[PDB]
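Residue numbers (PDB author numbering), protein chains in the order written: chain A, 10 to 199; chain J, 10 to 199; chain K, 10 to 199; chain U, 10 to 199; chain B, 10 to 199; chain G, 10 to 199.
All C-beta atoms in this analysis are idealised placements derived from N, C-alpha and C, irrespective of residue type, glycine included.
Notes for the one structure printed next.
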Ligand SMILES: [Mn+2]
Ligand SMILES: [Mn+2]
Ligand SMILES: [Mn+2]
Ligand SMILES: [Mn+2]
Ligand SMILES: [Mn+2]
Ligand SMILES: [Mn+2]
Ligand SMILES: [Mn+2]
Ligand SMILES: [Mn+2]
Ligand SMILES: [Mn+2]
Ligand SMILES: [Mn+2]
Ligand SMILES: [Mn+2]
Ligand SMILES: [Mn+2]
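Spelled out as structure tokens, the structure:
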């Protein structure tokens, strides 16, 4: 009923998205950026979407292009699946406590495209989350949310009330958006 | 079931309110103050009330008396429609993102009359919203919420987390109260 | 289905807790600390638990030991009643307006044990609430929440946005936790 | 071997102390000030003394006189039991973590009488610990340590590194002194 | 006598711990995070434990999950090996000088779960220790200590008095905890 | 078993040191600088060393050269007596209360040469301790500790937590080092 398939081929990347708004958390993400995969898995899961993401990009340069192209594609998919946006709750919000971190997200699905990202500690402008593969620079967090809000054409406010650990700060934000989205897309019985 | 009709004749104004708490957003507002009409329409709509407001007042002087008398009348109507307040959720809250603005409202319907209004930028103390008719002075926003809370006999906290545009700041607040009220008046299945 | 009985005998105190998560607000609390009884009644009631607390302790010394032992016991009971935590909403939050005070609580029931307590005015570090019996020192508020979060093994963030009266500040917090818990333990239809 | 019995009759109070330095924590304290009893129990226990304190005083006025007279008597007993102070470790110290509080104590048993008390938060100058009986004013903490150090004729430095709860701050200090004393009085194998 | 074996399978990781409190420093650690291995080796060695750690996790994402799961598992093992905690010294502390760095740790093994981590320079919130494999982000230091304290159910205060080098600051802390633990678990001859 | 004899002839001075780590406090010091003799006596005594120091130097110029040469020689002797440093506790620390002063010392005997000297009041940079003979300038305190740490090849941190009297500040430091050393050199039963 509320599905969307988006293919997006740029010079930097090639993306395929499959999105079902009324899913059960069946999520499979592979972008070549493992921490981004982890975040998009959290997104899909906590939003109760069925989400398949397959992305290959110029990760030798860095993750930026891949992360950004995926977010654009994902936003487009979200907007398409929403459709005319009839009979939905439209507004959604969520607080996410994650150990010492507390994040919050609020959405208006019919509201004009906008993104406000506030509260994130300053050290996230130059923090890296690194494993055995392509690393993740937390400075991209802003971009990811902006890109999604811009391409889904929704109002999205994301706040970090407080927090220390960059893994927790980042993950809390993704989960906050997921749960705000979940509430907003749900059918309204009025 | 939960209806109320209030007639209020003062020297300054004459007001009629018709309110159904369990409505479908059938709203008709005419106070002679067009921007106030726009706000009360947003209120009724987003609260899912059926609301009819008819008000005539000394708008040649200014909107103050009309806006205040309507708010008193509306609060009285809300309180009457609520009745004994049995088996309702009682507590409600809502975040409303409106472009750059984010507003929040929280209510306790059984709690003693109280109103706290915080966060509104200082320039709203001397901002006017003006069209082709009677203008609206944003300084009245406080009064409107206080008057309603006082006459409905409810606890009402309204916060502007941030914002710039006075139309957005004002509209977000009215919508926030509407959606907080909607949640609070809903029947509780416990 | 989701019940728990905890008996806890220390040198300082002897505690019995009976907890049903899926109750109707049938609450009976007797700790020998009347204001604590009032708070635990608010907790049980607003969480829609069925809660029986019976506690005797060394109240001649002060309430601390009794209040702390009860909170540990209560946390243990909450954790046990939750069980495997299958098919619940997991996340919950609540704003509680109480006259001039506004408090907020947010929980993650599956999240690792953690407690953050912020915003409480400084005078609550040396405020006493006193009647005709054992008094209550508001400095214990922190401890109570920490103890519960530690023994239920949950993430619990409690904030006072603003407030003046210590009775209101304390009561709002207890009610906020109750309603956050209520939302989190509720079955999720997904 | 290292025992002492002190009887001290003033106008304000009547005190009996029985002290064995080489005990097993057999402690019985009754001063008419329940929280002081709790602290002196912690002292005796954690020092591994055998300690019997019996005190009656003008508690209708307040605890001050009783608390001070006991501390003087106890210091005298400690000094007498120590004797010539031959073949002991002489120096002792202890850190005591108590939830959020961390306290420290350091002693020189042969060093000239001296007491330094630092780090205690300012609100302890006007904090009361109150149960169902005679209350305890944390401002006396200083006095108790000074009185003991003066009458045992020892160097005693007590520091609160950090802490919030007055019960914890007070109890940590008493336990810190106990364990510093324990180490100092122990026989030195050199 | 005081042994424990813990197996912990999560989605992120799989952990096996073998712990003997009364060991001779026979330590074998393999988590896939070499610097963490180095730290856990220092822990086991300086505590005079016999410790075997085997952990595999999603290190492609980053070390966080593995480091955290190991710490939880290790804390659980420590608590189990401690048992009823009868006839032990209970309190322990240690200063560790490491070149320019000085760190300190203090424990109460019977005290309620708590962790305070103070003094660490600000640049450790965004410092990485990197070799030829999975890197280590010093921001996790806090988490590791908190996780252990939470799962062993002990009071643990860790302080950096001063220091510059992040390798030294981190290593000193791990060694400080090890030696505080060693002293606390030792049998008390009273 | 753990002895050392060091002879050191410079242009400025001629030094003989005899050191037994496992002594009974048999100490005889003569450097021509009486206050230094007093300090080195405190060192040897409180460390439970057997120590003989005989030094003659250009004291007509000032004590500096003699004090420094002795400290170098003494450090060399300490290092030699320690030997391979097998089966010792290695780490040691001590707080020393001396009237109003509190000093602290912490050592790592196997740790790389290092000395940190902190907390000493500023007036000790230009304070003199003078009797009927060669005076002592407290500014040398730093040098003495640095010289020892450098020539014994040990980590040595010395702190003055607080203090006023320069005799007490100086003496407390020497005693603190002595007792830290005593604990570190002691055989470890593991
Ligand atoms: Mn970009
Ligand atoms: Mn007015
Ligand atoms: Mn508008
Ligand atoms: Mn206590
Ligand atoms: Mn406590
Ligand atoms: Mn009340
Ligand atoms: Mn006095
Ligand atoms: Mn994660
Ligand atoms: Mn974590
Ligand atoms: Mn190393
Ligand atoms: Mn020199
Ligand atoms: Mn002297």
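Residue i: which of the options sits nearest, CA to CA?
| i | options | result |
| --- | --- | --- |
| residue 192 of chain G | G:57, G:43, G:69 and G:25 | G:57 |
| residue 38 of chain J | J:172, J:31, J:80 and J:19 | J:80 |
| residue 197 of chain K | A:188, A:198 and A:199 | A:188 |
| residue 32 of chain G | G:59, G:98 and G:146 | G:59 |
| residue 140 of chain B | B:19, B:42, B:12 and B:29 | B:42 |
| residue 71 of chain B | B:53, B:40, B:18 and B:30 | B:40 |
| residue 20 of chain K | K:138, K:89 and K:64 | K:64 |
| residue 61 of chain J | J:176, J:15, J:117 and J:73 | J:15 |
| residue 119 of chain A | A:144, A:87, A:149 and A:108 | A:87 |
| residue 69 of chain B | A:145, A:29 and A:150 | A:145 |
| residue 173 of chain U | K:122, K:152, K:92 and K:166 | K:152 |
| residue 165 of chain J | J:10, J:185 and J:48 | J:185 |
| residue 73 of chain K | U:182, U:137, U:195 and U:199 | U:137 |
| residue 156 of chain A | A:190, A:123, A:142 and A:143 | A:123 |
| residue 84 of chain A | A:199, A:181 and A:25 | A:25 |
| residue 23 of chain J | J:190, J:49, J:76 and J:13 | J:76 |
| residue 117 of chain J | J:28, J:195 and J:18 | J:195 |
| residue 179 of chain U | U:47, U:190 and U:94 | U:47 |
| residue 28 of chain J | J:199, J:13 and J:45 | J:13 |
Does the Cβ of residue i have 16 or more other Cβ atoms within 10 Å, making it buried, or fewer, making it exposed?
| i | result |
| --- | --- |
| residue 135 of chain J | exposed |
| residue 96 of chain J | exposed |
| residue 35 of chain G | exposed |
| residue 82 of chain U | buried |
| residue 10 of chain J | exposed |
| residue 162 of chain B | buried |
Write down the C-beta distance between residue i and residue j rounded to the nearest angstrom, noting that I regard them as a contact closer than 8 Å.
| i | j | result |
| --- | --- | --- |
| residue 115 of chain K | residue 106 of chain A | 5 Å |
| residue 133 of chain K | residue 147 of chain K | 4 Å |
| residue 104 of chain K | residue 102 of chain J | 5 Å |
| residue 92 of chain U | residue 78 of chain U | Actually they do not touch by this definition, with Cβ atoms about 24 Å apart. |
| residue 90 of chain A | residue 30 of chain A | 5 Å |
Which residues in the same chain have their Cβ closer than 6 Å to the Cβ of residue i, if we skip the five residues on either side of it in sequence?
| i | result |
| --- | --- |
| residue 168 of chain U | 113, 127 and 128 |
| residue 125 of chain B | 166 |
| residue 177 of chain K | 107, 108 and 110 |
| residue 159 of chain B | 122 |
| residue 55 of chain G | 184, 187 and 188 |
| residue 182 of chain G | 112 and 167 |
| residue 17 of chain K | 24 and 82 |
Might you give, ordered along the chain, the residues of its own chain that have their beta carbon closer than 8 Å to the beta carbon of residue i, omitting 5 neighbours on each side?
| i | result |
| --- | --- |
| residue 171 of chain G | 109, 110, 111 and 128 |
| residue 175 of chain A | 132, 133, 136, 138 and 147 |
| residue 50 of chain G | 36 and 38 |
| residue 98 of chain G | 192, 193, 194, 195, 196 and 197 |
Whose C-beta lies closer than 7 Å to the C-beta of residue i among residues of the same chain, with five residues either side of it excluded?
| i | result |
| --- | --- |
| residue 142 of chain A | 43 |
| residue 149 of chain A | 73 and 76 |
| residue 190 of chain B | 56, 101 and 116 |
| residue 45 of chain U | 72, 76 and 145 |
| residue 94 of chain J | 118 and 119 |
Within the region 58 to 116 of chain G, ranges of the beta strand (DSSP E) (whole runs, at least 3 residues): 59 to 66 and 100 to 107
Restricting to runs no shorter than 3 residues, where is the beta strand (DSSP E) found entirely within the region 134 to 187 of chain J? Counting whole runs of 3 or more residues, the region 134 to 187 of chain J contains the beta strand (DSSP E) stretches 164 to 171.
Which runs of the beta strand (DSSP E) spanning at least 3 residues fall entirely within the region 28 to 62 of chain U, listed in chain order? If only complete runs of 3 or more residues are kept, the region 28 to 62 of chain U shows the beta strand (DSSP E) at 36 to 39, in order along the chain.
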